[PDB]
Amino acid sequence: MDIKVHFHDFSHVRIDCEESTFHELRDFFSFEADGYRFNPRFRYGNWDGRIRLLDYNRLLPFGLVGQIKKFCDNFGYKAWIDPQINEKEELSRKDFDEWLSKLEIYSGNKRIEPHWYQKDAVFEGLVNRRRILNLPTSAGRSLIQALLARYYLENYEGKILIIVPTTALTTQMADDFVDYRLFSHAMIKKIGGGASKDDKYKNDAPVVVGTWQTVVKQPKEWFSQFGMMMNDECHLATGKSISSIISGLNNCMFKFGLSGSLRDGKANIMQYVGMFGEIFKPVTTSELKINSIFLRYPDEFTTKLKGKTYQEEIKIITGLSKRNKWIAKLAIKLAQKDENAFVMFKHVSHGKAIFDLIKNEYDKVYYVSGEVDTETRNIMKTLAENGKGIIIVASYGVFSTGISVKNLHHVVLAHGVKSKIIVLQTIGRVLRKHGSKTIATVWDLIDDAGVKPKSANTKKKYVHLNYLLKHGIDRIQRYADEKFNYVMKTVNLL
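Note on numbering: residues are counted from 1 along each chain in the order of its written sequence, which can differ from the entry, and residues with no coordinates are hidden. As a rule here, side-chain values cover all heavy atoms of the structure and leave hydrogens and water aside.

The next subject is the overall build of the protein chain. Only DSSP runs of H or I with at least four residues qualify as helices, and only runs of E with at least two residues qualify as strands; both kinds are numbered from the N terminus onward. The helix and strand inventory of the protein chain stands at 18 helices and 22 strands. Projecting the C-alpha coordinates of the protein chain onto the three principal axes gives extents of approximately 80 × 60 × 45 Å. A buried classification covers 50% of the 494 residues belonging to the protein chain. Partly exposed residues are those whose accessible area sits between 20% and 50% of the maximum for their type, while under 20% is buried and over 50% is exposed, using a 1.4 Å probe and protein chains only.

See the structure below:
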């Protein structure tokens with residue numbers, strides 16, 4: 001063929017082609033330098049101001065290899081690519097989930113599980129070896145890094161290098177790693193200013209954490225020990241820095257750059273892709289963001305409720321003053337972020353109860369179900385305009401019929417549905433009819449009043465389920481099947 005791409009090492013692939021093909025490629029893999037007008041080589045020399053990532057030694061940063069395909073389709077060339085360049089991990093999604101399920105991950109003393117977008121990021125990173133994980137600062141990348149690092153540790157012999165922006169984050173990263181209980185401080189060597197008085201003894205630690213400023217001062221050889229490398233908030237990484245260590249990471253089979261601000265990067269996207277591989281945004285589904293909140297009740301309340309019919313249980317829970325207070329608080333909290341929330345209720349005694357708690361602590365609150373139109377669209381317009389921190393307490397009826405609702409950021413289901421999720425279709429519909437933002441999050445409250453087993457030798461979490469819990473679980477299973485964007489959280493009512 002015209003072009004042959006051979007496996008060199010884990011930092012670069014090597015190209016063999018005609019000298020003519022070489023120069024076309026050399027211009028392909030280039031971009032306009034930032035501030036090139038201030039460079040004297042440009043103003044008085046022979047520089048055109050572009051930077052070329054493909055030098056005469058014919059070595060191309062590993063992560064840009066997938067772009068060769070595009071080069072050929074654009075210049076009508078045929079190329080052969082060494083299969084070991086596209087080698088993937090022998091890891092099925094089933095084994096991954098199995099591995100994940102057997103892990104005891106914590107947050108303080110509470111056992112927890114990774115959100116879907118976190119698992120998909122880890123899985124994608126792992127299977128493809130090198131990738132830029134495009135995720136916001138929320139969505140805890142901390143755990144994502146810990147899982148990637150954990151996997152490596154259990155399957156390979158090299159060390160894992162993690163680069164963060166500041167020394168404070170150096171510490172935060174380490175502390176989080178132990179918090180999850182996936183690593184111990186003895187396994188994590190902090191370098192540079194983030195080091196503790198005992199990091200000097202940790203020469204064999206499988207995990208090294210530091211800043212670009214420190215890492216860049218290390219000798220080429222030092223980099224041979226890492227099999228995996230990660231850079232959190234990699235958009236703060238400069239091309240100079242990347243180019244400085246790129247060649248030392250020759251055995252670094254796994255590389256990840258994590259960021260949710262790729263558009264504010266010091267370096268050019270091309271430079272990032274060459275070092276970390278292509279971009280993967282987990283935010284993928286098949287609009288609505290669902291938050292399943294497990295509201296746990298006092299064990300004693302749990303024991304008294306047992307035996308009550310569905311109709312009775314709804315009466316009891318819905319009328320509970322503390323639950324009304326909890327919801328009000330959730331609403332307020334959400335509004336204080338200059339965001340608008342919708343508190344859905346069914347029975348007026350409930351709605352007003354909730355409305356009065358809020359009002360006795362927050363002004364921008366509106367009750368809606370009466371004066372059906374004139375005052376209804378009035379509010380619906382106060383929101384559509386651009387008001388912020390507006391909590392509106394309405395009934396499922398109101399918001400279904402007369403629609404518009406633009407700036408709607410949150411919808412709090414104060415009256416749990418049944419085992420069906422149609423309400424979501426409705427919310428989804430109404431929002432994607434007259435208004436936009438459509439990235440509203442729905443808070444699905446599940447009232448967990450399940451009864452714990454007497455013995456500790458019971459392999460069940462609960463021995464008895466109240467109805468609202470069964471329903472919430474039915475709803476969760478439905479979100480999974482329908483592959484919705486959902487997350488689960490637990491909170492004690494008291």
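Let us look at the pairing of strand β1 (residues 3-7). Consecutive side chains of a regular strand alternate in pointing toward one face of the sheet and then the other. Where burial is concerned, the two faces of β1 differ: the one with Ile3, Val5 and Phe7 is buried and the one with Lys4 and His6 is not. Pairing between β1 and strand β6 (residues 79-81): three bridges, direction parallel. Bridging across to β6, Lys4 finds its partner in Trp80. DSSP calls a pair of strands paired once it identifies at least 2 bridges connecting them. By the bridge criterion, four bridges tie β1 to strand β2 (residues 12-16) in an arrangement that is antiparallel. Counterpart to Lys4 in the pairing with β2 is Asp16. Between β1 and the antiparallel strand that follows it, β2, lie four residues.

This brings us to the pairing of strand β17 (residues 340-345). Within β17, six of the six residues are buried, leaving the element largely enclosed by the surrounding structure. Neither face of β17 is open: one carries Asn340, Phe342 and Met344, the other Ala341, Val343 and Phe345, and all of them are buried. For β17 and strand β19 (residues 391-395), the ladder comprises five bridges, and the chain directions are parallel. Residue pairing in the sheet places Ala341 in a bridge with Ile391 of β19.

Among the structural elements, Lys202 can be located in the loop between β11 (188-190) and β12 (207-211). By relative accessible area, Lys202 is classed as buried at 9%. At a separation of 2.9 Å, a polar atom in the side chain of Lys202 contacts the side chain of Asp199. Any pair of nitrogen or oxygen atoms within 3.5 Å is treated as a polar contact; in protein, a donor-acceptor pairing is required on top of that, and neighbouring residues in sequence qualify only through side-chain atoms on both sides.

To pair, rings of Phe, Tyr and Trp, with the six-membered ring standing in for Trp, must have centres within 6.5 Å; the planes then decide the type, stacked if under 30 degrees apart, edge-to-face if over 60, and tilted in the middle. Evaluated as defined, the whole model comprises 27 aromatic pairs. Ring centres of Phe22 and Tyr56 lie 5.4 Å apart, and the angle between their planes is 45°; on these two criteria the pair is classed as tilted. With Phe22 in helix α1 (residues 19-28) and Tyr56 in the loop between β4 (50-52) and β5 (59-61), this pair connects stretches of sequence that are 34 residues apart. Arranged with centres 6.2 Å apart and planes meeting at 80°, the rings of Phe355 and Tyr367 form a pair that is edge-to-face. Linking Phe355 in helix α14 (residues 348-359) with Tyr367 in strand β18 (residues 365-368), this pair joins segments that are 12 residues apart in sequence. Side by side, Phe355 and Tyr367 carry an identical accessibility label, which is buried. Grouped by ring-pair contacts, the aromatic residues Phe28, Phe29, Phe71, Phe75 and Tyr77 constitute a single cluster. Only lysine NZ and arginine CZ atoms are considered, and such an atom sits over a ring when it is within 6 Å of the ring centre and within 35 degrees of the ring normal. Over the ring of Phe22 we find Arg58; its NZ or CZ atom is 3.5 Å from the centre of that ring.

Segmentation of the protein chain into domains returns domain 1 (1-90), domain 2 (91-286) and domain 3 (287-494). Boundary definitions for the domains trace back to an automatic or database domain assignment. Each of domain 1 and domain 2 has a C-alpha centre, and these two points are 26 Å apart. Each partner contributes to the interface: domain 1 provides 18 residues, whereas domain 2 provides 25 residues. In total, domain 1 and domain 2 occlude about 1,800 Å² of area from one another, counting both sides; carbon and sulfur atoms represent 56% of this. Once two parts are joined, some of their accessible surface, as seen by a 1.4 Å probe, is lost; buried area is that loss totalled over both. The largest per-residue losses of area from domain 1 upon contact with domain 2 belong to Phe10, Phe31 and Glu89, which jointly make up 40% of the total buried on that side. Between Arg129 and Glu89 there is a salt bridge, with its nearest N and O atoms 2.6 Å apart. Across the domain 1-domain 2 interface, the total number found is nine residue pairs in polar contact. Polarity classes work like this: nonpolar for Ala, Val, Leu, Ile, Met, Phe, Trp, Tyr, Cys and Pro, charged for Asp, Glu, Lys and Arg, and polar for all others, with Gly in that last group. Split by residue class, the side of domain 1 that touches domain 2 holds nine nonpolar, four polar and five charged. The contact definition used throughout considers only heavy atoms, calling two residues in contact when any of these lie within 4.5 Å. The term salt bridge refers to a pairing of a side-chain nitrogen on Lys or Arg with a carboxyl oxygen on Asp or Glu at a separation within 4 Å.

With 13 residues, helix α7 (residues 167-179) should reach 18 Å at 1.5 Å per residue; the first-to-last C-alpha distance of 18 Å fits that figure. Taken together, the buried positions of α7 are occupied by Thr170, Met173, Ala174 and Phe177. Taken around the axis of α7, the buried residues stretch over an arc of 95°, which confines them to a single face. Residues of α7 that are buried make contact with α6 (141-155), β10 (159-164), β11, β12 and β13 (226-232). Note on α7: the residue one or two positions beyond its end, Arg181, has a positive phi of about 70°. Expected helix span is given by 1.5 Å per residue-to-residue step, counting one fewer step than there are residues. Directions drawn from the helix axis to the C-beta atoms are what define this arc.

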